[PDB]
């Protein structure tokens, strides 16, 4: 069901098997480099159940450049691309050893994806920095052009992140908004009284 959907939860404790398979997974995790996830919690996230064939988009910073690569390989992906978002102001000017003009998004592949439009976009994004920890909206169009009409899931998203074709998970979303009947059914089967604790 194409319109936006979301689930306020602790992604650690949600049983994501009820959600199905996705052509694309994107995550902007709270790495431990606020409300944080330890390296072991990040490693233990049940990313593998979410896809059979498709792409993972994994935002990284600092030493998560290395840790995110570990997670990505542990979860069964091969990093095949790395998107760079160059942060500008409203005038298209760029905002320890070096100042940081960019943020990195690792791109991983799992299985044998078929029918994606690889090569439409290039691997650099130039876009206004808005709210803090807020990634740019251009990534959704790049992802839509790469895999049009497929179902997608975002981890650690926030209200502004909800998009058509996307199911958003995060603990700062508002309640539970689900419309795909298969999801609704498996959710009610697994959570008949609508609580998620362990």
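Numbering follows the first chain given and starts at 1.
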Worksheet item: Checking the other PDB entries with both flanking residues built, is residue 34 absent in a third or more?
Response: yes
Discussion item. What does the record say about the segment between residue 33 and residue 34: how many deposited residues are without coordinates (none, 1 to 3, 4 to 9, 10 or more)?
Written reply: 4 to 9
Worksheet item: Are any deposited residues left out of the model between residue 126 and residue 127, and how many (none, 1 to 3, 4 to 9, 10 or more)?
Response: none
Discussion item. Going by the mean C-alpha B-factor recorded in the entry, which is higher: 171-179 or 20-28?
Written reply: 171-179
Worksheet item: For the C-alpha atoms alone, is the average B factor greater in 189-197 or in 4-12, going by the entry?
Response: 189-197
Discussion item. Checking the record values for 38, 150, 133, 163, which has the greatest CA B factor?
Written reply: 133
Worksheet item: Based on what the PDB entry reports, which of 110, 79, 104, 96 has the top C-alpha B-factor?
Response: 96
Worksheet item: Hey, what third does residue 117 fall into on Cα B-factor, ranked over its chain?
Response: middle
Worksheet item: Lowest, middle or highest third: where is residue 158 by C-alpha B factor in its chain?
Response: highest
Worksheet, complete the sentence: Among the modelled residues of its chain, the C-alpha B-factor of residue 86 falls in the third labelled middle
